[PDB]
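Peer 1: The following block contains the structure, expressed as structure tokens.
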Amino acid sequence: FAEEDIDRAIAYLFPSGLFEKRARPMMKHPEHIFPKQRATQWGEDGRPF
Amino acid sequence: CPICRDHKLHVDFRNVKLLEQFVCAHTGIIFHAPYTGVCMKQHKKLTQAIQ
Amino acid sequence: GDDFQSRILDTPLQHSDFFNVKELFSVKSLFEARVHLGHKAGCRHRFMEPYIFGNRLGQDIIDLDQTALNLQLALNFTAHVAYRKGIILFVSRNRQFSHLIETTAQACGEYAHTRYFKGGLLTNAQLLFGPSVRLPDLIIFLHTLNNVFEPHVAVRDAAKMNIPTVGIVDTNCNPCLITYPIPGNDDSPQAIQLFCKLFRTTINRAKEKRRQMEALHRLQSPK
Amino acid sequence: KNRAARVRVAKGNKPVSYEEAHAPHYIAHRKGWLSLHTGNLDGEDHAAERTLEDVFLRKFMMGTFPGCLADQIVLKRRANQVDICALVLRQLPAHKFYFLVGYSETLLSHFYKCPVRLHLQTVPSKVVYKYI
Amino acid sequence: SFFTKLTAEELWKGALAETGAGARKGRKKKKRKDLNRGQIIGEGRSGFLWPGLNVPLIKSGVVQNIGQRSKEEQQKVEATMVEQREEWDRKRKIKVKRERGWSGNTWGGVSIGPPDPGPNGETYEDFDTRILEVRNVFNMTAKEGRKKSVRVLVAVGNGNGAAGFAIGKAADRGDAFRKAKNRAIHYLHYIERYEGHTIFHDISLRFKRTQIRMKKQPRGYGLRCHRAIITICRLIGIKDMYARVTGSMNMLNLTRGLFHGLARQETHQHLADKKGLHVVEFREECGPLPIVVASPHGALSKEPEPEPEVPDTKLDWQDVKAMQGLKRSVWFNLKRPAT
RNA sequence: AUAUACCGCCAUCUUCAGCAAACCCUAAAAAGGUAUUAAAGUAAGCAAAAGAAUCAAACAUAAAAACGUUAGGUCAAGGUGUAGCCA
Ligand SMILES: [K+]
Ligand SMILES: [Mg+2]
Ligand SMILES: [Mg+2]
Ligand SMILES: [Mg+2]
Ligand SMILES: [Mg+2]
Ligand SMILES: [Mg+2]
Ligand SMILES: [Mg+2]
Ligand SMILES: [Mg+2]
Ligand SMILES: [Mg+2]
């Protein structure tokens, strides 16, 4: 089972006809949906990296 | 006033701890009535008890 | 345990020149790098006249005896700050020496800000950088003026935050707010390269001394 | 300026749900329809009667579950069956919901002469899409 | 009709009439009320009892059935709810203590609490904040015509030598209080107190057009100063001092001038170091006994300080006039409450 | 009766680019805060933008358009505060 099959399954099981596709149901990998968090720029002592 | 509002407070010559509060610790002068806000009746009574 | 930590941090302050920074420079070395050359008399600041040896046909000359004394103190302070693991930020707005000063900070292991200084960088650090940002413990101003011939904003803003400042001050600058002023030439490439070398050798010596001091005292604890 | 179904800006302290945040021009684009029947399809009859039932069914549920509705209800008609899907806050005890479900279903099945079912999804508190 | 009935949120929105041209025109007033406050689900005027909604579903092991309260029982319940309404209404009526400042209707001299915590949980509970002026300034704008801002001057202090002031401006008074209160904690002067109760020496200064003449006083003298100076002195911790303010009574210039003078005074220890001599004190209540209050840190000198036959000091007529026997004003040294 | 108590739903500037919140700076601040070979401004929200619609594509047209201004329009869509009529 792959990402392509997932998108097809969700479209069958949750039919949505909204024109904007960002507003449709999605079961995507957390990396795709969650924005990359910029890592902390300093350590425990507080000295920037 | 401070004395009248509290009925348990008693102006007596033997109650020195109360009397001390109405005398200047540095100069030993009895405060005038406006200073502590006591009424004139109790100020006279305090002055006699301190004396 | 507690004795060892006290030894590491309190022993260095019982010696006048714990890091032997005196050897790094000499009046002769400074004179080779043209550290005694100042701006014309017209450009002179009133608070620089103490440090000026005289006027050689319109060009103020900087007494290299006062420079040597002040430079000794400034390097000594910069070493103890580096020894105690403090953050040191190099600051300059001269674009001829922007790459050299950024390269020095990287060599030392410290920080450089040679670009446009944002208003509020230090007085509004939490908003700009984050809630727990640790500010610099020392700012070294290789140049104390910006490119419009006005004091660098970080001189006043570093005093507001009570951060000590080691700055190179020339005959047209205002040393009043610099904690450790170093009177000297700020324009010549040979003068700036000498100062950059001194601050880099000084900082590296202080960091190395800390490692050795920790190893000796640490070894004693088992031994 | 357009004032229709637009929850206007305040000072960033007004919680709004997903339904409230989107203005009318986002209908069929970002947000769907709360009621789904076949009466507005082309060549279909009884739009007026389905629409009147919706108005009443919404006023009935607000009064029958006063202060317990987290969002607007969703009405779903299939054949003669009516299905009411309501997000309800967890304010009332559990047994009270069983009473109001039995009452509201039987009463609306004998009023419109159709099988009516109530579907309740309980939320701990209103879901806030954004603070405006 | 049942179809022309609107919700409570929409009914109060119109009736209250908060939004509208009236608000910008400065227009007691009606108060919103919650009508579902005391209503219990399942309770009606008719008094029916619904098992599982407004009464126990099972009672003493008996499955309850529908019922209705008698006319007498329902009348009691109706009257009881009417009583509960009165109790809740009374709560709003109550008005409780606050402390006035210099005057009952003014904010000057009013404590507004400590500044807010710092970035790393740095609490300032030991600091107190006092208001020194609240002003409603105006800026003309094309969009709004006259627009109003609240300019607040506050002072902070821990009563132990550390104090500061700031100005906060906002459109809302509550916001201006927060801005000034947290800004002033960033401008903390440390004020030197002689023995913790007074200034080290007389201080005379002019800040812009405001003149201040402070005088060092003995214990028990109390604060005899401008009400603002009394407020600041308590924040600093000064207990005994005299001050006079003349010229302009600008509150900002008085606060800036006060802190300027109090922070540029000279402690006895400093004076001994500058001149190298001992600083000795002579009290009339201790007789001729010499009291040494500060000794030079380094080397004690041996050259006596020059004592001129006639000093060239610049004297203030106000100070001297009293000792010359000139009658004072009727307003001078009146009996006042303890400060 | 009062749109000069309001909700609701709009007009106008307007397809204008701002608005407001939290901060920071000023030899005091009523207010102001930009310079890119950069000189005290910063980082989030709303609007614009983007996206969606006119069933490939673009462009275009629609739609959208904040805070305010005109006590702008509407008590006669409906509702409603206050006052008024109840043979
Ligand atoms: K209106
Ligand atoms: Mg130069
Ligand atoms: Mg009054
Ligand atoms: Mg109008
Ligand atoms: Mg138009
Ligand atoms: Mg498109
Ligand atoms: Mg747009
Ligand atoms: Mg009109
Ligand atoms: Mg009209």
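Chains as they are written, first to last, in the deposited numbering: chain G, 99 to 147; chain O, 103 to 153; chain B, 52 to 274; chain C, 36 to 167; chain D, 90 to 116, 121 to 432.
Quick reminder that beta carbons are idealized off the backbone N, C-alpha and C, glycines included.
Measure the alpha-carbon distance for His-90 of chain B versus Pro-146 of chain G and round it to whole angstroms.
Peer 2: 37 Å
Peer 1: Using the beta-carbon count (16 or more within 10 Å), is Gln-310 of chain D buried or exposed?
Peer 2: Classification of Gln-310 of chain D: buried, given that the 10 Å Cβ count is 16 or more.
Peer 1: Which runs of the alpha helix (DSSP H), 4 residues or longer, sit entirely within the region 110-165 of chain C?
Peer 2: 129-147
Peer 1: Just reading off the alpha helix (DSSP H) that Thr-138 of chain O is part of, what are its end residues?
Peer 2: 135-138
Peer 1: Given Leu-135 of chain C, which residues of its chain have a CB within under 7 Å of its CB, disregarding the five upstream and five downstream residues?
Peer 2: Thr-99 and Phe-100
Peer 1: In angstroms, rounded to a whole number, what distance separates the CA positions of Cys-227 of chain B and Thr-216 of chain B?
Peer 2: 11 Å
Peer 1: In the DSSP assignment, the alpha helix (DSSP H) including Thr-99 of chain C goes from what residue to what residue?
Peer 2: 82-99
Peer 1: Could you list the residues in the region 293-322 of chain D with a C-beta less than 8 Å from some C-beta on chain O, going in chain order?
Peer 2: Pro-311, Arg-312 and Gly-313
Peer 1: Is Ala-248 of chain D near ligand 4, with its Cβ less than 7 Å from a heavy atom?
Peer 2: No, since every heavy atom of ligand 4 falls outside the 7 Å radius drawn around the Cβ of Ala-248 of chain D.
Peer 1: Does any C-beta atom of chain B lie closer than 8 Å to the C-beta of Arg-145 of chain G?
Peer 2: yes
Peer 1: Taking C-beta pairs closer than 9 Å, name the residues in chain O that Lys-190 of chain D reaches, listed in chain order.
Peer 2: Those do not exist, as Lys-190 of chain D stays about 15 Å from chain O at its closest Cβ, beyond 9 Å.
Peer 1: The region 109-129 of chain O: which residues have C-beta closer than 8 Å to a C-beta of chain D, in chain order?
Peer 2: From the region 109-129 of chain O, only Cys-126, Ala-127, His-128 and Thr-129 have a Cβ closer than 8 Å to chain D.
Peer 1: To the nearest angstrom, how far is the alpha carbon of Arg-223 of chain D from that of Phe-124 of chain O?
Peer 2: 29 Å
Peer 1: Does the beta carbon of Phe-112 of chain G come closer than 8 Å to any beta carbon on chain C?
Peer 2: no
Peer 1: Return the bridge partner residues of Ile-219 of chain B from the DSSP annotation.
Peer 2: Beta-bridge pairing links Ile-219 of chain B to B:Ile-233.
Peer 1: Per the DSSP calculation, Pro-207 of chain D is bridged to which residue(s)?
Peer 2: Per DSSP, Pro-207 of chain D has no beta bridge partner at all.
Peer 1: Could you check which residue in B:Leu-270, B:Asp-237, B:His-194 and B:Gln-271 has the C-alpha nearest to that of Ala-84 of chain B?
Peer 2: Closest option to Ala-84 of chain B, Cα to Cα, is B:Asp-237.
Peer 1: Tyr-162 of chain B CB to nearest chain G CB: under 8 Å?
Peer 2: At least one beta carbon of chain G lies nearer than 8 Å to the beta carbon of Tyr-162 of chain B.
Peer 1: By DSSP, does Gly-109 of chain D sit in helix, in strand, or in coil?
Peer 2: coil
Peer 1: For the beta strand (DSSP E) that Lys-262 of chain D lies in, which residues bound it at each end?
Peer 2: 255-263
Peer 1: Against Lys-428 of chain D, what residues of chain O qualify as contacts under a CB-to-CB distance less than 9 Å, listed in chain order?
Peer 2: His-134, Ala-135, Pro-136 and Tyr-137
Peer 1: Does DSSP classify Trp-143 of chain D as helix, strand or coil?
Peer 2: coil
Peer 1: Would you grab the beta carbon distance between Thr-118 of chain B and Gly-235 of chain B for me? Rounded to a whole angstrom, and I think it's under 8 Å.
Peer 2: 5 Å
Peer 1: Is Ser-242 of chain D helix, strand or coil by DSSP?
Peer 2: strand
Peer 1: For a contact defined as C-beta to C-beta under 7 Å, what are the partners of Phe-425 of chain D on chain C?
Peer 2: Those within 7 Å of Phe-425 of chain D in chain C number zero; the least Cβ separation is about 53 Å.
Peer 1: How about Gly-197 of chain D: is its Cβ closer than 7 Å to a heavy atom in ligand 3?
Peer 2: yes
Peer 1: Could you work out which residue in B:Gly-181, B:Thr-253 and B:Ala-266 is closest to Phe-128 of chain B when comparing CA atoms only?
Peer 2: B:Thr-253
Peer 1: For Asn-253 of chain D and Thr-324 of chain D, what's the separation of their Cα atoms in angstroms?
Peer 2: 14 Å
Peer 1: Out of curiosity, what's the CA-to-CA distance linking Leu-281 of chain D and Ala-92 of chain B?
Peer 2: 41 Å
Peer 1: From B:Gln-123, B:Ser-57 and B:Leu-173, pick the residue whose C-alpha is nearest to that of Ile-190 of chain B; which is it?
Peer 2: B:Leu-173
Peer 1: Please check if any C-beta of chain G sits within less than 8 Å of the C-beta of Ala-63 of chain C.
Peer 2: For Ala-63 of chain C, the answer is yes, since a Cβ of chain G falls inside 8 Å of its Cβ.
Peer 1: Contact between the region 283-299 of chain D and the region 325-332 of chain D: three or more CB pairs below 8 Å?
Peer 2: yes
Peer 1: What's the C-alpha gap between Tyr-166 of chain C and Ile-138 of chain B?
Peer 2: The straight-line gap from Cα to Cα measures roughly 40 Å.
Peer 1: For the region 110-130 of chain C and the region 147-165 of chain C, state whether three or more C-beta atom pairs, one from each stretch, are separated by less than 8 Å.
Peer 2: yes
Peer 1: Note down, in chain order, each residue of its chain lying with its Cβ closer than 7 Å to the Cβ of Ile-284 of chain D, except the 5 sequence neighbours on either side.
Peer 2: Hits under 7 Å: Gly-254, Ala-256, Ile-329, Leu-355 and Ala-356.
Peer 1: Could you work out which residues of chain G lie near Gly-67 of chain C, taking near to mean beta carbons separated by less than 7 Å?
Peer 2: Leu-116
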